[PDB]
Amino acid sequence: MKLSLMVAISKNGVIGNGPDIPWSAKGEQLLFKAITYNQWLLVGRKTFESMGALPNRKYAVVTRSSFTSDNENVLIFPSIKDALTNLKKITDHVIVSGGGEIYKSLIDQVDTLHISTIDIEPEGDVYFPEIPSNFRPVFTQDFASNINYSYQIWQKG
């Protein structure tokens, strides 16, 4: 099973401010929608609650509490180990989709990074982890918008 990771990181490293993404870069959300269409997303419970079960995605959510959801496209796991064990029986690809805790847990395990660098320095208290030295960018594209952003794909090895 392949693990991808997709995130939008502002220029000071902030990805979140409490429950919010502290910016709106019009058009960048299209990248996220396109890459996650009909994919399995691995998300922390906090991010899952902020995003909801958007249509045409499948969600593996990790929680330490009794969190539940009766949506048939949502599977809830009590650990990341259990999530990954179960996911590899049912899919060949999972996209790690946040938030800070889940990114920090799994950054050393993922194969492909989708990073949109957002041209803003917002307030916030959630940051992206350091990127292991063995990742290299293989694709870059710049976008002008209300907040500019640059989309880069990194490959491991």
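One rule holds for the numbers: they count along the sequence shown, beginning at 1.
Taking the PDB entry as given, 57 to 65 carries the higher mean Cα B factor of the two stretches 57 to 65 and 34 to 42. When 19 to 27 is weighed against 129 to 137, 129 to 137 comes out higher, by mean CA B-factor as recorded in the entry. When the CA B factors of the chain's modelled residues are split into thirds, the value for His114 lands in the lowest one. Ranked by C-alpha B-factor against the other modelled residues of its chain, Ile102 falls in the middle third. Per the deposited record, the Cα B-factor of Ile90 falls in the highest third when ranked against the other modelled residues of its chain. Residue-level temperature factors show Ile153 in the lowest third of its chain, judged at the C-alpha atom.
In this PDB entry, the Cα temperature factor of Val96 sits in the bottom third of its chain's modelled residues, the lowest group.
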